[PDB]
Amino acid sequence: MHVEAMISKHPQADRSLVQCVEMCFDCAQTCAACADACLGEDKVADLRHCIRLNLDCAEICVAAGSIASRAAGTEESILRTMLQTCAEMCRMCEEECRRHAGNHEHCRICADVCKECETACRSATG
């Protein structure tokens, strides 16, 4: 990614923010991938809630990553509110993915990414 490079060249120009942006896109892609993999499983009926939570997590992580890419200045912003929402979403998604992690390696990877994004988003709210 180019998050760090672009922040430094912004005319209104932060490690916690760079890490949060990176993780939001990483998590958005991973959740999209996890939902699609759950949809291909023989036992797809067992994974309905996990697919649904992945879909919401991918939507909220993209939104958060976009908002946070525009949060390099000092002006009022929705950033902290959005990051709290992303954190809560990632917490929910992680718990459900974690529950299937013994059965589906893709859900283990997704749960780990959601946990990391949750942590990153919380850290950026400081």
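Start at 1 and count along the sequence shown; that's the residue number.
Where residue 13 meets residue 14 in the shown sequence, the number of deposited residues left unmodelled: The entry leaves 4 to 9 residues without coordinates here.
Residue range whose averaged C-alpha B-factor is higher in the record, 36 to 44 or 55 to 63: Stretch with the higher mean C-alpha B-factor: 36 to 44.
Greater mean Cα temperature factor according to the PDB record, 106 to 114 or 15 to 23: Of 106 to 114 and 15 to 23, the stretch with the higher C-alpha B-factor average is 15 to 23.
B-factor third for the C-alpha atom of residue 74 within its chain: Answer is highest: the recorded C-alpha B-factor places it there.
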